[PDB]
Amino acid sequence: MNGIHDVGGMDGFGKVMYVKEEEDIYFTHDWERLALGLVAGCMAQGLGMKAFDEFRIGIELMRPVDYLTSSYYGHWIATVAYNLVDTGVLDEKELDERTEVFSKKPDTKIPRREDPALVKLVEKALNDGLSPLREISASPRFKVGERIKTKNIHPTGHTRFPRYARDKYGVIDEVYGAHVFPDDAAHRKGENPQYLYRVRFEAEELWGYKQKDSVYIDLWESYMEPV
């Protein structure tokens, strides 16, 4: 989707707010920590999301005004809520009502439950991860060193093809292997893996600029064509 999240090459966002690493606090509110726990706890059990593709589209679907103002862990809350409702784990009306309860009474007690087997399950996910590397029977379309042209496509669902990189000449840097294809997997339409490539783009090609700058981007095979 050509959304607010796809910011590469945009102007107007201002200076970067530099802070010394030792002063760069992780969390300033408890709900931020909770957001992190909700994401991993759900994903480790396949609740709402099996991996990060489903996670990302729920953030991308945020209202632009919310994306820019929620703060970062607000994105995480948004996507957990989106995905749990979309998959039928939670009912939207029940969730909205409970949200209103906590808004009006923020000190409302949270139910407590210990489940050490769930803790082990979560740990295992944190440690084992969710590699998207697969094997397919086809061979790669492209080879290292080949000059390709990226497509001019405009998916309305999820994609990992940033707008700034579309309809551009680049050079294949590496063939990684076949990876789960986000544009399908985010929508629960199958892993449908495709070859993933690293591609180098020169500043002159991306921007018309005159700098010894380049961008390396990972692109799935269907984002590109031969020349």
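Note that residue numbering follows the sequence shown and begins at 1.
According to the PDB record, 120-128 carries the higher mean C-alpha B-factor of the two stretches 120-128 and 145-153. The stretch 15-23 shows the higher mean C-alpha B-factor when 15-23 is compared against 199-207 in the entry. Note on 7, 1, 227, 224: the highest value goes to 227, judged by CA B factor as recorded. The entry lists a Cα temperature factor for residue 177 that places it in the middle third of the chain's modelled residues. Compared with the other modelled residues of the chain, the Cα B-factor recorded for residue 78 ranks in the lowest third. The deposited CA B-factor of residue 65 belongs to the middle third of values across its chain. Residue 193 sits in the middle third of its chain by CA B factor, as recorded in the PDB entry. Remark: residue 160 belongs to the lowest third of its chain, ranked by C-alpha B-factor as recorded.
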